[PDB]
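Visitor: Have a look at the structure that comes next, please.
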Amino acid sequence: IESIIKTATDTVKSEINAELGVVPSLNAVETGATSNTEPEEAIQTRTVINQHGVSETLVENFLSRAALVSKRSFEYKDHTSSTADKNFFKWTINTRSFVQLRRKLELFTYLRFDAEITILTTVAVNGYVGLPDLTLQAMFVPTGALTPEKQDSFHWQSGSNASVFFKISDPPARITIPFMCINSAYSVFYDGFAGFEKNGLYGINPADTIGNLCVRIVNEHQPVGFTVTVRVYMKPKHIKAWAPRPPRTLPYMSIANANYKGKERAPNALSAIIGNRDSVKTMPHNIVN
Amino acid sequence: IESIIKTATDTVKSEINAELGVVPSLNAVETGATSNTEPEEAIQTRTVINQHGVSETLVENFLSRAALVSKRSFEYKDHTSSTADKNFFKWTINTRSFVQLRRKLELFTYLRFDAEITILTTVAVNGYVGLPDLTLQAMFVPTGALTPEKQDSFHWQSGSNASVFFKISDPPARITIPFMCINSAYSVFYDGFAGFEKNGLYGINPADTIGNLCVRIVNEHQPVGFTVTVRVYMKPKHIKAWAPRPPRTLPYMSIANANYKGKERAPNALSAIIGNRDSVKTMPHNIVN
Amino acid sequence: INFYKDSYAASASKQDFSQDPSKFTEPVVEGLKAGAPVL
Amino acid sequence: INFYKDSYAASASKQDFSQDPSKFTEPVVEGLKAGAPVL
Amino acid sequence: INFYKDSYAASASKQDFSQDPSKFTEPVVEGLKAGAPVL
Amino acid sequence: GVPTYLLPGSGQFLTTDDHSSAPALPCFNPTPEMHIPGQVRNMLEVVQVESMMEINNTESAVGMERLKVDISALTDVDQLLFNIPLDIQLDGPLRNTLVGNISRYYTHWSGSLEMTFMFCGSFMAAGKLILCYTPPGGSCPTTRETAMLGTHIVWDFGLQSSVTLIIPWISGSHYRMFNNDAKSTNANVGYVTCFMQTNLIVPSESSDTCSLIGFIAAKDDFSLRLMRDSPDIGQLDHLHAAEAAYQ
Amino acid sequence: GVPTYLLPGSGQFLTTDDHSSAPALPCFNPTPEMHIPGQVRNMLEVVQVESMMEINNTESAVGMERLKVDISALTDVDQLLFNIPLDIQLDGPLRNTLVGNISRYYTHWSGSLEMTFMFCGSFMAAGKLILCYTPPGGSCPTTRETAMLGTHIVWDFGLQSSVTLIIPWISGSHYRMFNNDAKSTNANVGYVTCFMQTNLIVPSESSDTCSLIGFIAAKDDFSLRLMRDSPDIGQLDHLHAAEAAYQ
Amino acid sequence: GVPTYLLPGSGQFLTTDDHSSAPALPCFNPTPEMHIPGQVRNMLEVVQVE
Amino acid sequence: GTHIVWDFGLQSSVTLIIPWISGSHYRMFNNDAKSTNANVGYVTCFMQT
Amino acid sequence: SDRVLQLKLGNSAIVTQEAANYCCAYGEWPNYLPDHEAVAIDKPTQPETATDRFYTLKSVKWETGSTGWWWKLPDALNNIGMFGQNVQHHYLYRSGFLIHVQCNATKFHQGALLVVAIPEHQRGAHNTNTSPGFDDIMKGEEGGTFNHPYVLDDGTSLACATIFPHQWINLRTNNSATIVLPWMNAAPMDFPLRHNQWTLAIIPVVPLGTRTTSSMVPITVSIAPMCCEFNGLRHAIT
Ligand SMILES: CC(C)Oc1ccc(CNc2cccc3c(-c4ccc(C#N)nc4)ccnc23)cc1
Ligand SMILES: CC(C)Oc1ccc(CNc2cccc3c(-c4ccc(C#N)nc4)ccnc23)cc1
């Protein structure tokens, strides 16, 4: 039954049991149900009024904290002779690059949420003059819009694209992107192929495509070079989640897929996820006095 | 009797006394009670309407002011050849390092409060170029979480750890940590051993473990070196306090224990806490005219 | 505090305390009993 | 002023004027008297 | 505007228009008269 | 104008803050909601589902073999068959479980655990086992006469394939910590042991060796506190094709 | 937008400020409260408890010997036995007391003090003492005929082991200061002296020398003001193992 | 958050301004008032004395 | 066992009650003193101070 | 009337004719753990009169050089009678204590004992950085002696120890002290082998003196656990 649960369940006192035909510790795992054996059935209990709150395990609280999704460093310099991110970069938006957020999200099959984005920028002098207070432009370039080819291309005039202009001395730039799947939920996993032909990508729902984040320095280059690093954080909010999954055990290999190899030896080897003990009779950290 | 006290008690006028069997200046210290002799019983008094407030000696006011709990200096430089805090540090959280807060807290056996934390950062040029406006990250790493090994290790991606990102030009960074003991109160003193074996630590309740504070500079190193100093202040708030104690007399020796040596000579020598006078008949600052 | 015109701009919704774990723990067509054996 | 969702975020509570010093000054099972000798 | 808990934190009190200059100009035990000579 | 002053913490990026923020796409209309099976709203719903313990975490158990314990007929009475370390923070049989993997995002835990064992011998196999929980304080028991002094279930094999041992929450404090110090009095739970109560008795044409699968779940009195990054995942390099997202 | 301006004091860290601040652990649930014996809510409850004066703060009094005063039979009438300096700010018998140690976190004080003396001779010991408080203005009295002009209690030894001398709050100002200038008219309290009223008289098989223990407490008219760092504790180096908290 | 902007005069120290400011000594209790002879409340009372 | 700690004072005397602690309703005056139907146990006195 | 007292608990009784009232620490009385404060859900054993009775420790000799004595609770009782057997078989314990301290001498003797119950008396070592070891702390029924009673072996002071629950034995006035201790812990129950809630301390602030013929003057300690509960039944650690 669906019910409102704010605290852990109370324990009732229980007596001795000796009833024929009543056998609450016996179960049948083959049904696929979990054991319904209560502690009051397994042992004699006392009454316990339980006050422990359950708010910290809410899916909202579990997922709605800001995580790094993108980090890029580029040279802020005169690029006339470079081969390179020439005072700007383009990022194809994804959540698979940083394993801590990736593993948390992949505990679920379908997710619906809005994304709070924070952009943190940092600058160092290339191998000192002090640090300049640069202006940056982040521009969202949706599917089928033209991405900028140059720091000063006219794409940056941004007539209809969302842009945010922000300083390095400011607090980190912050915006919310709405839930923008063409379905009612994002497909965290996708057992399918993106195209009507056979050559399309496995494992990525086309319905979930966000677009590109294009970031430039707005200033003309200075006489000396700098490295600029941009960090993007995403925080899910107003979250719905469906069909929880076995967590990732093996190290990730790629952002394109669930391909797996494991560590050379346990823990998280393909052959052994838990580290070995000497025998099933060995207690590894046994208390001895 | 428990009662609400906002001001010091009033004095009533008293007359001459000459009653047989009534002897209010006599007492019995052996019961363990303090003397109940009132001034109206010991001398002839006038009436005094007393307005003096008692708010400044509230335990809330006595303890809830910000005190330094941690101070660390490290080099912000290229550390490829250093032996060292290489652009970041880890602190195992404790309150025993700075004696002024330590002595105040140790007036009590059990304390329950929330902690307001302020982080103040300062920078100097190593032996001038001006001072850079660095971004720092403080990350709380609870018990059994992995601490960062490097300034740019992926631990800093902070998917579930609380992190605060803050600038040197900003006001000091401020957060509240909730009261987080697994008991109803912190054990300011602990007459016990932390483990089920005999080799565990004396004097530290395992229930009170907070975790680690990991602090890095987020910027890449500059061409020149800097010293960064981080100061952490803690302010108790929403305070409850139980079983007040004899104050510390001897200088502290260690953060691990109550070990004591004293000063070489009084005051606060092991043999003499108060400085000596010549005799019990000597008045040290006697008024003479 | 939300002065933005779009409701998706709002702060997070941390008040949804409804649970139904039986859809994951007991998706059996005939519900289990305490006082009777499962099979 | 507190716009935070957790009540532990609040400013300090400086209004608790309840005292009972007799638990420290007079933990004797038979209370002392003014008009009679202690022993 | 005062969100501080201590009332001494407040802005200044510029509304006290009570005067009694006679304590400085006329501290004589018998008050002066207009229609009669002083001595 | 309004007179103001800035407090400490002004302009910081706290990753757990909760504010409204500026919508980048004005007048956007999200896709209507649709009912989907299996909505989860509290992670305590997940840990209440039972999942297999890797009890046979031994060398020469390979892959799936680590999820079953083989039982054989014995010629000595009351022998120990296996034990299970209960330290969820350290790398033992409980770690790669639903209750295990979710709890490791948290630092504090409280409440009861359920272990269920399914007997997977033939219909003709018979036997009785005793499953014992030992509250902490001393060594793990090695003899049945010692183990039966703790909380235990005697299990008769029959038509019902499974028993539960409830591990009741017996703790001095409200919570335990997921402490890498497993011997800490704030973290140690004690032990589970299995002994022969009678014997595994099988006829000639049944297989002489039979397997147990063990499961664990949290009960609905279970509670978790103080979120942390889970130590179960990490990275050293960038992943493959991550750089290509910038090209 | 709201028009605003920033005042002086914007962005300062005042260590005595009182604001709400951002919670780092959202949805955290603290451990339920439990009743514990001995809750203290005002530090004036502590200073009302009596504690031993170190009256014998002399060389060749070692350790516990500094907490007792030895009384002997005299062959001259009305002799002075001891005096007690009352300057709580300076290092005298009152400093390492409950009232002493708490008051030294504060700068101003007001209200009455209680001194209690317990006689610890044998049951067969007898005697009368006079305990005198002298309000300030002149020298400490050296003769009983001078001291008995102040506030005094004549004490007969008997079944009740103890007398209190109340030191009444006799002050021109509402408060006194804990002033390192002990002769300042804002700080000096005057003196306590003890004389023989009769004599210590003991039989041959009682010990010829007997001890007083002196105690002090604040009364409930006592008040403290203006919090300061206490001069009773300091450090020069880091403590041992403090550096190791960073390793 | 509240949208705001700063006006001219933000962050200035005008010596005749009149704001509340942060109390450095929380829960401090001032000495009770006492009646004193000769309270002056307006300086025009002084200039009326010859 | 059952004991009374006795302080000497103005009241000259203490009582130790020996309570009837017996499996049966009665005991026998048995010349076999070690018989389980007859043995009552022991009284002992020690210095407390 | 406040000088005569009888304490009766289980099969044990103490009479004194020369008490000085008695102390109830913080004005509390021992109680069993209520349901709104319970943590452990197994039904507790409550042995009552088998545990809730006076145990008398070995007496110590008060000598002119004595620095004082201490005993830790529950440690001093962890091996005594049915109390010890229940602590050995159970993970968790809770109780109060009633402490009665006994010391008679003649009317020609003098001397004063501070009798004080110290909560969480975490000891220091003298003149070292190394923390006190297990065998320094855990003494059992014998208890320990003070190294430096003037700082209470913890760098604080004897003069202020009257903030803790205490009585005096002043040989002029009284020959016994009584202290009733509630449960005093941050957790509702504890593991009795690794944490001591209370330290009993007996300190001779005024030394024993007489000019009659000397006799041995013992100090005797009787402690009754009050409202014993035990949880987490298993084999004996022992
Ligand atoms: C320049 C400004 C004005 O616009 C911007 C700024 C930044 C961004 C970067 N956003 C984003 C970065 C990373 C992920 C997302 C997602 C997302 C997350 C998880 C899942 C799953 N499972 N699915 C989708 C949705 C919307 N956004 C995202 C986009 C537009
Ligand atoms: C990086 C940010 C987001 O998180 C942070 C930031 C800073 C910190 C440092 N906190 C802390 C530093 C020092 C002490 C504490 C205590 C504490 C105090 C006194 C007693 C006693 N008696 N017992 C516990 C509780 C919580 N905290 C503390 C922790 C997490």
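Lettering and numbering for the structure tokens are positional, with chains as A, B, ... in the shown order, residues counted from 1 in each chain, and ligands counted from 1 in the shown order.
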Output the contact residues of chain D with respect to chain F at a cut-off of 12 Å, based on only C-alpha atoms, as a list in words.

Guide: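 Going by the stated atoms only, the list reads residues 3, 4, 5, 6 and 9 of chain D.
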
Visitor: Can I get the selected residues back with C-alpha atoms, as an mmCIF file, in the first residue's frame?

Guide:
```cif
data_model
loop_
_atom_site.group_PDB
_atom_site.id
_atom_site.type_symbol
_atom_site.label_atom_id
_atom_site.label_comp_id
_atom_site.auth_asym_id
_atom_site.auth_seq_id
_atom_site.Cartn_x
_atom_site.Cartn_y
_atom_site.Cartn_z
ATOM 1 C CA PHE D 3 14.861 31.416 4.614
ATOM 2 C CA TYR D 4 16.654 28.065 4.852
ATOM 3 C CA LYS D 5 14.671 24.831 4.808
ATOM 4 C CA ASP D 6 16.493 23.126 7.717
ATOM 5 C CA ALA D 9 20.444 26.603 9.939
#
```

Visitor: Name the residues, by chain letter and number, that sit within 7 Å of ligand 1 using only C-alpha atoms and all ligand atoms, and give them as a compact mmCIF listing (two decimals) with N, CA and C atoms, in the first residue's frame.

Guide:
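For reference, part36.txt as written:
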```txt
# COMPACT_ATOMS: atom_id res chain seq x y z
N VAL A 69 30.05 17.93 -14.36
CA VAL A 69 29.68 17.22 -15.58
C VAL A 69 30.63 17.50 -16.73
N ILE A 93 26.93 18.10 -24.93
CA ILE A 93 26.44 17.90 -23.57
C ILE A 93 26.16 16.42 -23.29
N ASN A 94 26.74 15.89 -22.21
CA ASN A 94 26.48 14.52 -21.76
C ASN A 94 26.68 14.43 -20.25
N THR A 95 26.11 13.39 -19.64
CA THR A 95 26.35 13.10 -18.22
C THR A 95 27.27 11.91 -17.94
N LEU A 105 23.19 8.44 -11.15
CA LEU A 105 22.07 8.52 -12.09
C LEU A 105 21.67 7.14 -12.60
N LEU A 111 14.39 8.99 -15.51
CA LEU A 111 14.49 10.16 -14.66
C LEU A 111 13.84 11.35 -15.34
N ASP A 114 14.46 18.94 -13.79
CA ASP A 114 15.14 20.16 -14.24
C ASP A 114 16.59 20.20 -13.75
N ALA A 115 17.46 20.82 -14.54
CA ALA A 115 18.89 20.90 -14.27
C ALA A 115 19.31 22.32 -13.87
N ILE A 117 22.42 24.58 -13.43
CA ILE A 117 23.79 24.58 -13.95
C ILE A 117 24.57 25.71 -13.28
N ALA A 138 28.84 31.98 -22.32
CA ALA A 138 28.34 30.63 -22.55
C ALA A 138 27.06 30.71 -23.39
N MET A 139 27.03 30.00 -24.51
CA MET A 139 25.86 29.98 -25.39
C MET A 139 25.37 28.54 -25.56
N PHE A 140 24.09 28.31 -25.25
CA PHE A 140 23.44 27.04 -25.54
C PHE A 140 23.09 26.99 -27.03
N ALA A 162 19.99 31.17 -26.09
CA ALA A 162 20.30 31.61 -24.73
C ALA A 162 21.82 31.73 -24.56
N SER A 163 22.26 32.90 -24.16
CA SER A 163 23.63 33.16 -23.74
C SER A 163 23.63 33.74 -22.33
N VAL A 164 24.65 33.39 -21.56
CA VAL A 164 24.96 34.10 -20.33
C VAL A 164 26.37 34.68 -20.42
N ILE A 175 22.23 29.07 -14.04
CA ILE A 175 20.93 29.01 -14.72
C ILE A 175 20.25 27.66 -14.48
N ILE A 177 18.06 24.87 -16.60
CA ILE A 177 17.48 24.33 -17.83
C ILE A 177 16.26 23.49 -17.47
N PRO A 178 15.13 23.69 -18.13
CA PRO A 178 13.96 22.85 -17.85
C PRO A 178 14.20 21.42 -18.30
N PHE A 179 13.44 20.49 -17.71
CA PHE A 179 13.29 19.16 -18.28
C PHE A 179 12.86 19.24 -19.74
N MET A 180 13.70 18.75 -20.64
CA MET A 180 13.56 19.05 -22.06
C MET A 180 13.60 17.82 -22.96
N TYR A 186 13.70 11.16 -19.20
CA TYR A 186 14.95 10.77 -19.82
C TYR A 186 15.13 9.26 -19.72
N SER A 187 15.74 8.68 -20.74
CA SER A 187 16.12 7.27 -20.74
C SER A 187 17.57 7.16 -20.28
N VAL A 188 17.76 6.81 -19.01
CA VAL A 188 19.12 6.67 -18.47
C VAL A 188 19.83 5.51 -19.15
N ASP A 208 16.74 12.13 -25.90
CA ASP A 208 17.39 12.79 -24.78
C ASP A 208 18.43 13.84 -25.18
N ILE A 210 20.41 17.01 -25.74
CA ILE A 210 20.34 18.38 -25.24
C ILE A 210 20.85 19.38 -26.26
N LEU A 213 27.09 23.18 -25.59
CA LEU A 213 27.50 24.34 -24.82
C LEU A 213 28.77 24.92 -25.44
N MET A 234 26.04 20.32 -12.61
CA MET A 234 24.62 20.07 -12.82
C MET A 234 24.00 19.58 -11.52
N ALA F 24 16.72 29.66 -18.10
CA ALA F 24 17.38 30.01 -19.36
C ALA F 24 16.43 29.99 -20.56
```

Visitor: Per residue of chain C within 12 Å of chain D, note the shortest atom pair and the distance in Å to one decimal, counting only C-alpha atoms, and order the rows by chain and increasing residue number, as a tab-separated table.

Guide:
```
residue	atom	partner	partner_atom	distance
C:1	CA	D:3	CA	7.9
C:2	CA	D:3	CA	11.6
C:11	CA	D:5	CA	10.3
C:12	CA	D:5	CA	10.3
C:13	CA	D:5	CA	10.6
C:14	CA	D:5	CA	9.3
C:15	CA	D:5	CA	10.7
```

Visitor: Counting only C-alpha atoms, collect the residues of chain B whose closest atom lies at most 10 Å from chain H, and write them out as a PyMOL selection string.

Guide: chain B and resi 50-58+60-62+64-65

Visitor: Give me, as a ChimeraX atom specification, the contact residues of chain J against chain F at a cut-off of 6 Å, counting only C-alpha atoms.

Guide: /J:39-40,187,189-190,232-235,237

Visitor: What are the residues of chain G lining chain A at 7 Å or less? Count only C-alpha atoms, and put the answer as a PyMOL selection string.

Guide: chain G and resi 27-29+32

Visitor: Please produce a file of the residues just selected, as a PDB file, in the first residue's frame, where the atoms kept are N, CA, C and O atoms.

Guide:
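Result file is again29.pdb:
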```pdb
ATOM      1  N   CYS G  27      18.316  17.914   4.648  1.00  0.00           N
ATOM      2  CA  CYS G  27      17.435  16.847   5.124  1.00  0.00           C
ATOM      3  C   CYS G  27      18.049  15.974   6.210  1.00  0.00           C
ATOM      4  O   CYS G  27      17.503  14.915   6.518  1.00  0.00           O
ATOM      5  N   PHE G  28      19.173  16.374   6.788  1.00  0.00           N
ATOM      6  CA  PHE G  28      19.752  15.633   7.897  1.00  0.00           C
ATOM      7  C   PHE G  28      18.790  15.602   9.083  1.00  0.00           C
ATOM      8  O   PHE G  28      18.132  16.592   9.401  1.00  0.00           O
ATOM      9  N   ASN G  29      18.678  14.440   9.711  1.00  0.00           N
ATOM     10  CA  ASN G  29      17.865  14.267  10.909  1.00  0.00           C
ATOM     11  C   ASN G  29      18.768  14.022  12.108  1.00  0.00           C
ATOM     12  O   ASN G  29      19.413  12.969  12.180  1.00  0.00           O
ATOM     13  N   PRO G  32      17.534  11.811  18.097  1.00  0.00           N
ATOM     14  CA  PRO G  32      16.549  12.260  19.086  1.00  0.00           C
ATOM     15  C   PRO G  32      17.223  12.652  20.392  1.00  0.00           C
ATOM     16  O   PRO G  32      18.230  12.073  20.799  1.00  0.00           O
TER      17      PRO G  32
END
```

Visitor: Please provide the set of residues having any atom within 8 Å of residue 50 in chain H, restricted to only C-alpha atoms, with same-chain residues fewer than 2 positions apart removed, written as a list in words.

Guide: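 Returned residues: residues 25 of chain E; 47 and 48 of chain H.
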
Visitor: Keeping only N, CA, C and O atoms, write the selected residues as a PDB file, in the first residue's frame.

Guide:
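After the write, result-v1.pdb holds the following:
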```pdb
ATOM      1  N   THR E  25      17.768  78.210  34.197  1.00  0.00           N
ATOM      2  CA  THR E  25      17.571  79.653  34.148  1.00  0.00           C
ATOM      3  C   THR E  25      16.904  80.201  35.399  1.00  0.00           C
ATOM      4  O   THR E  25      17.097  81.373  35.719  1.00  0.00           O
TER       5      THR E  25
ATOM      6  N   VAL H  47      21.777  78.075  25.899  1.00  0.00           N
ATOM      7  CA  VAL H  47      21.967  79.456  25.451  1.00  0.00           C
ATOM      8  C   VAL H  47      20.983  80.433  26.087  1.00  0.00           C
ATOM      9  O   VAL H  47      21.222  81.641  26.060  1.00  0.00           O
ATOM     10  N   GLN H  48      19.877  79.952  26.656  1.00  0.00           N
ATOM     11  CA  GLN H  48      18.971  80.818  27.398  1.00  0.00           C
ATOM     12  C   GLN H  48      19.516  81.245  28.755  1.00  0.00           C
ATOM     13  O   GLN H  48      18.941  82.136  29.374  1.00  0.00           O
TER      14      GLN H  48
END
```

Visitor: Check the DSSP output for the backbone and give back, as a ChimeraX atom specification, the residues of chain H in alpha helix (DSSP H).

Guide: /H:44-47

Visitor: Kindly save the residues from that selection, with C-alpha atoms included, as a compact mmCIF listing (two decimals), in the first residue's frame.

Guide:
```txt
# COMPACT_ATOMS: atom_id res chain seq x y z
CA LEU H 44 18.67 75.91 23.30
CA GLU H 45 18.21 75.39 27.05
CA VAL H 46 21.89 76.26 27.55
CA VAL H 47 21.97 79.46 25.45
```

Visitor: Determine, counting only C-alpha atoms, which protein, DNA and RNA residues have an atom within 7 Å of an atom of range 255-269 of chain A; residues of the same chain fewer than 2 positions away are not included. Present the result as JSON, numbers by chain.

Guide: {"A": [96, 97, 203, 249, 250, 251, 252, 253, 271, 272, 273, 274, 275], "F": [239, 240, 241, 242]}

Visitor: Would you output that residue set with C-alpha atoms, as a PDB file, in the first residue's frame?

Guide:
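Printed below is out22.pdb as written:
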```
ATOM      1  CA  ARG A  96      28.579  10.027 -18.774  1.00  0.00           C
ATOM      2  CA  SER A  97      32.018  11.638 -18.345  1.00  0.00           C
ATOM      3  CA  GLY A 203      22.668   2.780 -26.264  1.00  0.00           C
ATOM      4  CA  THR A 249      30.469  -2.711 -10.199  1.00  0.00           C
ATOM      5  CA  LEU A 250      33.147  -2.726 -12.897  1.00  0.00           C
ATOM      6  CA  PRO A 251      35.078   0.449 -13.751  1.00  0.00           C
ATOM      7  CA  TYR A 252      33.613   2.348 -16.667  1.00  0.00           C
ATOM      8  CA  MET A 253      35.582   2.261 -19.911  1.00  0.00           C
ATOM      9  CA  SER A 271      35.689 -12.804 -11.847  1.00  0.00           C
ATOM     10  CA  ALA A 272      35.477 -11.518  -8.249  1.00  0.00           C
ATOM     11  CA  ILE A 273      33.691  -8.369  -7.104  1.00  0.00           C
ATOM     12  CA  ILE A 274      34.336  -8.861  -3.399  1.00  0.00           C
ATOM     13  CA  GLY A 275      37.894  -9.385  -2.206  1.00  0.00           C
TER      14      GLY A 275
ATOM     15  CA  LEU F 239      36.929   7.839 -20.129  1.00  0.00           C
ATOM     16  CA  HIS F 240      37.174   6.912 -23.779  1.00  0.00           C
ATOM     17  CA  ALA F 241      35.370   9.339 -26.141  1.00  0.00           C
ATOM     18  CA  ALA F 242      35.067  11.966 -23.359  1.00  0.00           C
TER      19      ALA F 242
END
```

Visitor: Taking 3 positions as the minimum chain separation for residues in the same chain, which residues sit within 9 Å of residue 166 in chain F when counting only C-alpha atoms? Answer as a list in words.

Guide: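 Neighbouring residues, sequence-local ones excluded: residues 25, 37, 38, 39, 42 and 43 of chain A; 112, 113, 114, 115, 116, 133, 151, 152 and 153 of chain F.
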
Visitor: Which neighbours of residue 3 in chain G fall inside 12 Å, counting only C-alpha atoms, when residues of the same chain fewer than 5 positions from it are skipped, and could you give them as JSON, numbers by chain?

Guide: {"F": [1, 2, 3, 4], "H": [2, 3, 4, 5, 6, 7, 8, 9, 10]}

Visitor: Emit the selected residues as a PDB file, in the first residue's frame, including N, CA and C atoms.

Guide:
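The resulting file, out-v1.pdb, is shown below:
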```
ATOM      1  N   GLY F   1      16.279  53.498  -1.675  1.00  0.00           N
ATOM      2  CA  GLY F   1      16.978  52.233  -1.595  1.00  0.00           C
ATOM      3  C   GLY F   1      16.931  51.579  -0.238  1.00  0.00           C
ATOM      4  N   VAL F   2      17.092  50.265  -0.234  1.00  0.00           N
ATOM      5  CA  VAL F   2      17.105  49.466   0.982  1.00  0.00           C
ATOM      6  C   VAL F   2      18.533  49.417   1.513  1.00  0.00           C
ATOM      7  N   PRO F   3      18.770  49.771   2.774  1.00  0.00           N
ATOM      8  CA  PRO F   3      20.100  49.560   3.354  1.00  0.00           C
ATOM      9  C   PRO F   3      20.338  48.082   3.623  1.00  0.00           C
ATOM     10  N   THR F   4      21.498  47.601   3.204  1.00  0.00           N
ATOM     11  CA  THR F   4      21.840  46.197   3.332  1.00  0.00           C
ATOM     12  C   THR F   4      23.299  46.079   3.728  1.00  0.00           C
TER      13      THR F   4
ATOM     14  N   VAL H   2      16.355  37.333  -4.190  1.00  0.00           N
ATOM     15  CA  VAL H   2      15.766  38.628  -4.498  1.00  0.00           C
ATOM     16  C   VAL H   2      16.637  39.320  -5.540  1.00  0.00           C
ATOM     17  N   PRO H   3      16.077  39.768  -6.661  1.00  0.00           N
ATOM     18  CA  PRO H   3      16.859  40.591  -7.589  1.00  0.00           C
ATOM     19  C   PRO H   3      17.066  41.987  -7.021  1.00  0.00           C
ATOM     20  N   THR H   4      18.305  42.451  -7.076  1.00  0.00           N
ATOM     21  CA  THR H   4      18.669  43.740  -6.517  1.00  0.00           C
ATOM     22  C   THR H   4      19.650  44.423  -7.449  1.00  0.00           C
ATOM     23  N   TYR H   5      19.812  45.721  -7.245  1.00  0.00           N
ATOM     24  CA  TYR H   5      20.897  46.481  -7.841  1.00  0.00           C
ATOM     25  C   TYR H   5      21.389  47.487  -6.810  1.00  0.00           C
ATOM     26  N   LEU H   6      22.647  47.881  -6.929  1.00  0.00           N
ATOM     27  CA  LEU H   6      23.239  48.865  -6.032  1.00  0.00           C
ATOM     28  C   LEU H   6      23.146  50.269  -6.624  1.00  0.00           C
ATOM     29  N   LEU H   7      22.734  51.230  -5.801  1.00  0.00           N
ATOM     30  CA  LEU H   7      22.641  52.647  -6.117  1.00  0.00           C
ATOM     31  C   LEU H   7      23.965  53.377  -5.902  1.00  0.00           C
ATOM     32  N   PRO H   8      24.146  54.547  -6.523  1.00  0.00           N
ATOM     33  CA  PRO H   8      25.156  55.503  -6.037  1.00  0.00           C
ATOM     34  C   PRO H   8      25.057  55.787  -4.540  1.00  0.00           C
ATOM     35  N   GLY H   9      26.218  55.883  -3.900  1.00  0.00           N
ATOM     36  CA  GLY H   9      26.320  55.969  -2.463  1.00  0.00           C
ATOM     37  C   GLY H   9      26.438  54.639  -1.750  1.00  0.00           C
ATOM     38  N   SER H  10      26.377  53.526  -2.468  1.00  0.00           N
ATOM     39  CA  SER H  10      26.595  52.226  -1.853  1.00  0.00           C
ATOM     40  C   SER H  10      28.027  52.123  -1.325  1.00  0.00           C
TER      41      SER H  10
END
```

Visitor: Which residues of chain I are close to chain J, meaning at most 12 Å apart when you count only C-alpha atoms, and how do they look as a PyMOL selection string?

Guide: chain I and resi 1-19+21+46-49
